[PDB]
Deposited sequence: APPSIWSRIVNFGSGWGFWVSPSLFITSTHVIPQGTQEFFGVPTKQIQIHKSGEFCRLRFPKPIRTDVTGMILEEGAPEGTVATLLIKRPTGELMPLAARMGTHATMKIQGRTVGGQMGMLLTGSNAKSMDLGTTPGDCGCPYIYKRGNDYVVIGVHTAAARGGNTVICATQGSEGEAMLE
């Protein structure tokens, strides 16, 4: 049911935080489109924090979902889950131990986020946009969306804010 919140968006993915709140990666948003989920973009309030992109819709799109907690990353050392959906449909939950929160230089662009290390295949280019989630007590907490990963190593970057 939490997987039903990850949706094909552009060249990547997006996650329904609330009935009205879609989050995704800036690199993934289609730039030639004038409506998202049937709502015209003129009526959609889009806020960008580097690679973390937040789309607030005028009217709730997903009646069925409950709102989730959104926070700027997780505490250093938290083992989050990277809910990767694949274009084939397969679901790849990945464990990532999150680390330093920082503003990073990724390919000349400035990016706020949190680095993480995948624990024990890996991530690929279709995967930008998928959410990082960890359970805190009884509530799930979404902390960011996948934006990058080191060519050499396990490092994954989770765009935040």
Quiz item: Counting from 1 along the deposited sequence, which stretches lack C-alpha positions?
Solution: 1 to 3, 124 to 131, 173 to 181
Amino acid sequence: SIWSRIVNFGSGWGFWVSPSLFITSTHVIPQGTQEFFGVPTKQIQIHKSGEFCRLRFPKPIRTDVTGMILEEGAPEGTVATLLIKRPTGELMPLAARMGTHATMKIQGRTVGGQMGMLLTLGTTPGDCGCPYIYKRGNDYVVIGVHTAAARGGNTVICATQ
From here on, numbers count along this sequence of modelled residues.
Practice problem: Give the stretch, out of 125 to 133 and 105 to 113, with the larger mean C-alpha temperature factor in the deposited entry. | Solution: 105 to 113
Practice problem: Read off the CA B-factors in the entry, average them over 23 to 31 and over 40 to 48, and name the higher stretch. | Solution: 40 to 48
Practice problem: Name the third of the chain's ranked CA B-factors that contains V145, choosing lowest, middle or highest. | Solution: lowest
Self-check item: Record-listed C-alpha B factor of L55: chain third
Solution: lowest
Exercise. Compare the C-alpha B factor of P87 with those of the other modelled residues in its chain, then answer lowest, middle or highest third.
Key: lowest
Quiz item: Taking the entry's C-alpha B-factors for this chain, is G12 in the lowest, middle or highest third?
Solution: middle
Self-check item: Ranked C-alpha temperature factor of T155 among modelled chain residues, by third
Solution: highest
